[PDB]
Amino acid sequence: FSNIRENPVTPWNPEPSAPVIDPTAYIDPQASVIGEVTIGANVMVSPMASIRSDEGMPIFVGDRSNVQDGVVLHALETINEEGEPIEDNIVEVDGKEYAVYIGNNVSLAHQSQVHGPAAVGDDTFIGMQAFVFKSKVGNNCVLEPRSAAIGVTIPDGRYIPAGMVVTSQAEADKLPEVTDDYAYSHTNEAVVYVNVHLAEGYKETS
Amino acid sequence: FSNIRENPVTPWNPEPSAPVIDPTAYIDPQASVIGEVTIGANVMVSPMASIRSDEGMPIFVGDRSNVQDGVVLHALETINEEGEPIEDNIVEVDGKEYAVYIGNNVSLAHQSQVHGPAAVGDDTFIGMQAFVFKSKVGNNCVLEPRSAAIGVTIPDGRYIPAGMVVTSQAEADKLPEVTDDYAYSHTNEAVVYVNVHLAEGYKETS
Amino acid sequence: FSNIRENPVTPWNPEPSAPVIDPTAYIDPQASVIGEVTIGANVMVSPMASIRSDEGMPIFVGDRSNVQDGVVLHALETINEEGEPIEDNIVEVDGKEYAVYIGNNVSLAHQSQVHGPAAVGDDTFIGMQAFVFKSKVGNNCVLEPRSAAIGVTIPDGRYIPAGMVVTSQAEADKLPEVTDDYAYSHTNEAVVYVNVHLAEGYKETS
Ligand SMILES: [Co+2]
Ligand SMILES: [Co+2]
Ligand SMILES: [Co+2]
């Protein structure tokens, strides 16, 4: 069996698609990547990650991002019964439509999940075991371990404290800002540096 | 190696069992299904799911249910030292004994977990990253993402708000009810429709 | 592809290492174990677990411990740019340095995660979906399902109630103690008994 595969034919998917993966990205043998997915350069996809673009599609992962162990990417149906695009389940980023958009230099840490409709802006850290669903996470954000964003827009440069589940726009509007002395202020840039080097080291083993 | 396997011989398992899977169910190649397990018709088991019936057994998954990416099903020992059935770890459903019972038309969303002793009634949605242990979840329920039910009985037609950890029967007795205007009121039926179609599309690829 | 593998060459890893695994330990075929890792005797590593010692290293797992389905072990870089050991990311246990130290008779239950720098003392249960990061968990502890310890030291014989996220030393200092009547007081010893027997039963299938 192959771990990089096309999505299945369904009522909302007449013409199956295979993943478009940059030659510089590293896909672990025990990761799964199915369907209408774009993976950018220098991306690392670790063991036990599941990127499944078979319901809502497409799922994009930008350059120099990382999808760590056990992370799941999936999305709600983007096409309805009559083939009507379900606009509530589609996210717009730079004039293009996605089910799930992961930007560039984004870290999806171990066991996190980003479920469409969703977008995660550049240089954001999504902490261990964190959750993003029906939300837009701006750039330069930090979701601490076990935090969650559901049904909201997290403004650029804010963080979500560990364990906090943000479900209302009033709460996301009052999230704290990332500053230099904040404990996770330098975490994402270190993580992206490490992970781009791991992708290249792992590529040299395949 | 095979991903559908018998459970190992142990002091509580003299005669090993292999999974009984309906020919219409789809088991991803990167899912694991071990031991005394019954999988019903039109069920989809996604990448990185682990259904392990080697301690507490049996584990049943009803017709038209779905076990999404990274979901785990496991259970506490159902047989003690002298071979005594441990009744506190066995759940009764329709006059039959289970370690874990997942009913029909049940969705176990990505990264959730249902650990025996446990039962989940028909047409219930168990949200992303949610947890069920030593509990009985009624039919037509909704566990929002990151909710949990531990040591309790959740009455039919109730929901558990995102992030809430329900550990006492007094709290489960006061959970809110699913109504038509509730945000997840139509989620499970849509999910089951999608997932029965995905199982058939994936079956046509194997 | 092999599921037990060496870590890749990187700027902080000139000389790659392969896992040192006791012949009595059982590594599921769908688990992943990479790099500078020591696995002790009678350890069971279940499906979908990921033990990755490629950034922070080494990762040790003591005798008669268990790494359940979907558990992740990983760690922050232990070597800086100039090759300087990053002491804040290294944990000391019995005069030896680790990125992640899991002691003996420790249970890492399904979907939990222990991220370095971290140490978990002997005879501790780390519950389902629980999280340990930049912390030291003493011996004879219990982390209930969905609890978390981040940036703290949990004293010997304490437990963390389900769902509680402990982020300050003042809070960890006031955690409750394990007593005989506590609900999870006998859980770890039962789990370790079961899991040492499962490792041996599974070893007899390979
Ligand atoms: Co989904
Ligand atoms: Co278990
Ligand atoms: Co890590």
# chains A, B, ... in the order shown; residues from 1 in each chain; ligands from 1

call {"tool": "residues_around", "arguments": {"residues": "residue 75 of chain B", "least_positions_apart": "6", "cutoff": "9 Å", "atoms": "only C-alpha atoms", "output": "PDB file with N, CA and C atoms, in the first residue's frame"}}
result
ATOM      1  N   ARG B  52      -8.221  -1.902  19.697  1.00  0.00           N
ATOM      2  CA  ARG B  52      -7.440  -2.950  20.312  1.00  0.00           C
ATOM      3  C   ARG B  52      -8.225  -3.670  21.389  1.00  0.00           C
ATOM      4  N   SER B  53      -8.636  -4.903  21.041  1.00  0.00           N
ATOM      5  CA  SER B  53      -9.447  -5.674  21.976  1.00  0.00           C
ATOM      6  C   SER B  53      -8.608  -6.863  22.448  1.00  0.00           C
ATOM      7  N   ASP B  54      -7.707  -6.588  23.387  1.00  0.00           N
ATOM      8  CA  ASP B  54      -6.706  -7.532  23.908  1.00  0.00           C
ATOM      9  C   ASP B  54      -6.690  -7.611  25.430  1.00  0.00           C
ATOM     10  N   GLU B  55      -7.354  -6.661  26.079  1.00  0.00           N
ATOM     11  CA  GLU B  55      -7.440  -6.626  27.539  1.00  0.00           C
ATOM     12  C   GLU B  55      -8.919  -6.868  27.827  1.00  0.00           C
ATOM     13  N   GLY B  56      -9.711  -5.807  27.932  1.00  0.00           N
ATOM     14  CA  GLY B  56     -11.168  -5.890  28.046  1.00  0.00           C
ATOM     15  C   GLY B  56     -11.698  -6.221  26.638  1.00  0.00           C
ATOM     16  N   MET B  57     -12.715  -7.086  26.537  1.00  0.00           N
ATOM     17  CA  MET B  57     -13.264  -7.518  25.241  1.00  0.00           C
ATOM     18  C   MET B  57     -14.697  -8.007  25.493  1.00  0.00           C
ATOM     19  N   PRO B  58     -15.505  -8.007  24.468  1.00  0.00           N
ATOM     20  CA  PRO B  58     -15.278  -7.562  23.120  1.00  0.00           C
ATOM     21  C   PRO B  58     -15.537  -6.078  22.852  1.00  0.00           C
ATOM     22  N   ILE B  59     -15.016  -5.628  21.697  1.00  0.00           N
ATOM     23  CA  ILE B  59     -15.265  -4.249  21.272  1.00  0.00           C
ATOM     24  C   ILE B  59     -16.152  -4.297  20.014  1.00  0.00           C
ATOM     25  N   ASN B  89     -16.340  -3.769  34.886  1.00  0.00           N
ATOM     26  CA  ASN B  89     -15.714  -3.390  33.620  1.00  0.00           C
ATOM     27  C   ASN B  89     -16.450  -3.893  32.393  1.00  0.00           C
ATOM     28  N   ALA B  99     -17.098  -4.888  26.312  1.00  0.00           N
ATOM     29  CA  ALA B  99     -16.101  -4.059  26.968  1.00  0.00           C
ATOM     30  C   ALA B  99     -16.331  -2.622  26.456  1.00  0.00           C
ATOM     31  N   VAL B 100     -16.405  -2.503  25.145  1.00  0.00           N
ATOM     32  CA  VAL B 100     -16.759  -1.247  24.494  1.00  0.00           C
ATOM     33  C   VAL B 100     -17.883  -1.516  23.461  1.00  0.00           C
ATOM     34  N   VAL B 114     -12.617   6.256  23.135  1.00  0.00           N
ATOM     35  CA  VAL B 114     -13.688   5.632  23.910  1.00  0.00           C
ATOM     36  C   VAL B 114     -13.054   4.420  24.558  1.00  0.00           C
ATOM     37  N   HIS B 115     -12.900   4.491  25.886  1.00  0.00           N
ATOM     38  CA  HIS B 115     -12.223   3.444  26.642  1.00  0.00           C
ATOM     39  C   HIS B 115     -13.188   2.710  27.552  1.00  0.00           C
ATOM     40  N   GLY B 116     -13.135   1.404  27.444  1.00  0.00           N
ATOM     41  CA  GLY B 116     -14.089   0.580  28.241  1.00  0.00           C
ATOM     42  C   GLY B 116     -13.715   0.596  29.703  1.00  0.00           C
ATOM     43  N   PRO B 117     -14.699   0.328  30.546  1.00  0.00           N
ATOM     44  CA  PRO B 117     -16.066   0.039  30.159  1.00  0.00           C
ATOM     45  C   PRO B 117     -16.820   1.247  29.633  1.00  0.00           C
ATOM     46  N   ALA B 118     -17.458   1.085  28.454  1.00  0.00           N
ATOM     47  CA  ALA B 118     -18.190   2.190  27.877  1.00  0.00           C
ATOM     48  C   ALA B 118     -19.203   1.762  26.824  1.00  0.00           C
ATOM     49  N   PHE B 133     -14.969   7.436  29.076  1.00  0.00           N
ATOM     50  CA  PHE B 133     -14.390   6.350  29.838  1.00  0.00           C
ATOM     51  C   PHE B 133     -15.266   5.983  31.044  1.00  0.00           C
TER      52      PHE B 133
END

call {"tool": "closest_atom_pairs", "arguments": {"of": "chain C", "to": "ligand 2", "cutoff": "9 Å", "atoms": "only C-alpha atoms and all ligand atoms", "output": "Markdown table"}}
result
| residue | atom | partner | partner_atom_place_in_ligand_line | distance |
| --- | --- | --- | --- | --- |
| C:68 | CA | ligand 2 | 1 (Co) | 7.6 |
| C:69 | CA | ligand 2 | 1 (Co) | 8.5 |
| C:109 | CA | ligand 2 | 1 (Co) | 6.6 |
| C:110 | CA | ligand 2 | 1 (Co) | 6.5 |
| C:128 | CA | ligand 2 | 1 (Co) | 8.1 |
| C:191 | CA | ligand 2 | 1 (Co) | 8.2 |

call {"tool": "write_last_selection", "arguments": {"atoms": "C-alpha atoms", "output": "compact mmCIF listing (two decimals), in the first residue's frame"}}
result
# COMPACT_ATOMS: atom_id res chain seq x y z
CA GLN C 68 0.17 3.10 24.64
CA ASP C 69 -1.62 3.74 21.39
CA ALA C 109 -1.93 5.75 28.52
CA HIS C 110 -3.55 6.11 25.14
CA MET C 128 -5.43 8.98 28.67
CA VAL C 191 -1.97 -1.55 34.23

call {"tool": "interface_residues", "arguments": {"of": "chain B", "to": "chain C", "cutoff": "6 Å", "atoms": "only C-alpha atoms", "output": "PyMOL selection string"}}
result
chain B and resi 8-10

call {"tool": "residues_around", "arguments": {"residues": "residue 79 of chain B", "least_positions_apart": "5", "cutoff": "8 Å", "atoms": "only C-alpha atoms", "output": "JSON, numbers by chain"}}
result
{"B": [12, 56, 84, 85, 86]}

call {"tool": "write_last_selection", "arguments": {"atoms": "N, CA, C and O atoms", "output": "JSON list (two decimals), in the first residue's frame"}}
result
[["chain", "number", "residue", "atom", "x", "y", "z"],
["B", 12, "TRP", "N", -5.79, -14.09, 30.66],
["B", 12, "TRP", "CA", -7.21, -13.83, 30.55],
["B", 12, "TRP", "C", -7.71, -14.09, 29.13],
["B", 12, "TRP", "O", -8.89, -13.88, 28.82],
["B", 56, "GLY", "N", -9.71, -5.81, 27.93],
["B", 56, "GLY", "CA", -11.17, -5.89, 28.05],
["B", 56, "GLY", "C", -11.70, -6.22, 26.64],
["B", 56, "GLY", "O", -11.22, -5.71, 25.61],
["B", 84, "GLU", "N", -12.41, -14.74, 36.89],
["B", 84, "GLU", "CA", -13.67, -14.12, 37.25],
["B", 84, "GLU", "C", -13.93, -12.89, 36.37],
["B", 84, "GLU", "O", -13.11, -11.97, 36.29],
["B", 85, "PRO", "N", -15.06, -12.91, 35.70],
["B", 85, "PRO", "CA", -15.51, -11.77, 34.91],
["B", 85, "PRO", "C", -15.56, -10.58, 35.86],
["B", 85, "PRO", "O", -16.05, -10.70, 36.99],
["B", 86, "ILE", "N", -14.99, -9.45, 35.46],
["B", 86, "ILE", "CA", -15.01, -8.25, 36.30],
["B", 86, "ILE", "C", -16.22, -7.45, 35.84],
["B", 86, "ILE", "O", -16.15, -6.74, 34.84]]

call {"tool": "residues_around", "arguments": {"residues": "residue 34 of chain C", "least_positions_apart": "2", "cutoff": "8 Å", "atoms": "only C-alpha atoms", "output": "JSON, numbers by chain"}}
result
{"C": [3, 4, 5, 6, 7, 18, 19, 32, 36, 37, 51, 52, 53, 54]}

call {"tool": "atom_distance", "arguments": {"atom1": "atom CA of residue 152 of chain C", "atom2": "atom CA of residue 174 of chain C"}}
result
12.0 Å

call {"tool": "residues_around", "arguments": {"residues": "residue 140 of chain A", "least_positions_apart": "4", "cutoff": "9 Å", "atoms": "only C-alpha atoms", "output": "MDAnalysis selection string"}}
result
chainID A and resid 121:125 156:159 178 188

call {"tool": "write_last_selection", "arguments": {"atoms": "N, CA and C atoms", "output": "tab-separated table (two decimals), in the first residue's frame"}}
result
chain	number	residue	atom	x	y	z
A	121	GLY	N	-2.48	31.47	9.87
A	121	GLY	CA	-1.56	32.40	9.23
A	121	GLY	C	-0.09	32.09	9.48
A	122	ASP	N	0.78	32.72	8.69
A	122	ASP	CA	2.19	32.46	8.76
A	122	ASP	C	2.80	32.70	10.10
A	123	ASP	N	3.89	31.96	10.39
A	123	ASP	CA	4.66	32.11	11.62
A	123	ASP	C	3.86	31.97	12.90
A	124	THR	N	2.89	31.07	12.85
A	124	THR	CA	2.12	30.72	14.03
A	124	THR	C	2.50	29.33	14.54
A	125	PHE	N	2.54	29.25	15.86
A	125	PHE	CA	2.79	27.96	16.52
A	125	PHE	C	1.46	27.41	16.99
A	156	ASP	N	-4.03	38.76	14.59
A	156	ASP	CA	-2.60	38.61	14.43
A	156	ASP	C	-1.86	38.92	15.73
A	157	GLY	N	-0.77	38.22	16.02
A	157	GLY	CA	0.03	38.44	17.18
A	157	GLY	C	-0.56	38.21	18.54
A	158	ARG	N	-1.60	37.37	18.67
A	158	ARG	CA	-2.17	37.07	19.98
A	158	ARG	C	-1.80	35.63	20.39
A	159	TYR	N	-1.94	35.32	21.66
A	159	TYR	CA	-1.74	33.93	22.09
A	159	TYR	C	-2.94	33.47	22.89
A	178	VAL	N	1.35	38.67	21.87
A	178	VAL	CA	2.70	38.14	22.01
A	178	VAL	C	3.66	39.31	22.21
A	188	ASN	N	8.18	29.52	17.93
A	188	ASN	CA	7.95	29.08	16.53
A	188	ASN	C	9.16	29.19	15.65

call {"tool": "residues_around", "arguments": {"residues": "residue 22 of chain C", "least_positions_apart": "6", "cutoff": "12 Å", "atoms": "only C-alpha atoms", "output": "short mmCIF file (atom, residue, chain, number, x, y, z; two decimals) with C-alpha atoms, in the first residue's frame"}}
result
data_model
loop_
_atom_site.label_atom_id
_atom_site.label_comp_id
_atom_site.auth_asym_id
_atom_site.auth_seq_id
_atom_site.Cartn_x
_atom_site.Cartn_y
_atom_site.Cartn_z
CA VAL C 37 16.28 5.88 22.50
CA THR C 38 16.68 3.32 25.23
CA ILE C 39 13.76 0.92 25.80
CA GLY C 40 13.93 -1.33 28.86
CA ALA C 41 12.83 -4.89 29.51
CA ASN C 42 9.21 -6.02 29.33
CA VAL C 43 8.08 -2.74 27.80
CA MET C 44 5.09 -2.65 25.46
CA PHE C 60 14.68 6.64 27.88
CA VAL C 61 11.83 4.29 28.83
CA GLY C 62 12.49 2.14 31.89
CA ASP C 63 11.73 -1.48 32.61
CA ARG C 64 8.13 -2.72 32.70
CA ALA C 199 4.25 -7.52 25.78
CA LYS C 203 6.30 -11.18 21.53
#

call {"tool": "residues_around", "arguments": {"residues": "residue 141 of chain C", "least_positions_apart": "3", "cutoff": "12 Å", "atoms": "only C-alpha atoms", "output": "NGL selection string"}}
result
:C and (103 or 105-107 or 120-127 or 136-138 or 144 or 149 or 153-161 or 172 or 175-179 or 182 or 184-189)

call {"tool": "select_by_dssp", "arguments": {"residues": "chain A", "states": "strand (DSSP E or B)", "output": "MDAnalysis selection string"}}
result
chainID A and resid 4:5 10 13 20:21 26:27 32:35 37:39 44:45 50:53 59:61 66:67 72:75 79 85 91:93 96:98 100:102 107:108 113:120 125:126 131:137 142:143 148:150 153:154 158:160 165:166 177

call {"tool": "closest_residue", "arguments": {"among": "A:139, A:83, A:119, A:112", "to": "residue 98 of chain A", "atoms": "only C-alpha atoms"}}
result
A:119

call {"tool": "atom_distance", "arguments": {"atom1": "atom CA of residue 135 of chain A", "atom2": "atom CA of residue 16 of chain A"}}
result
27.0 Å
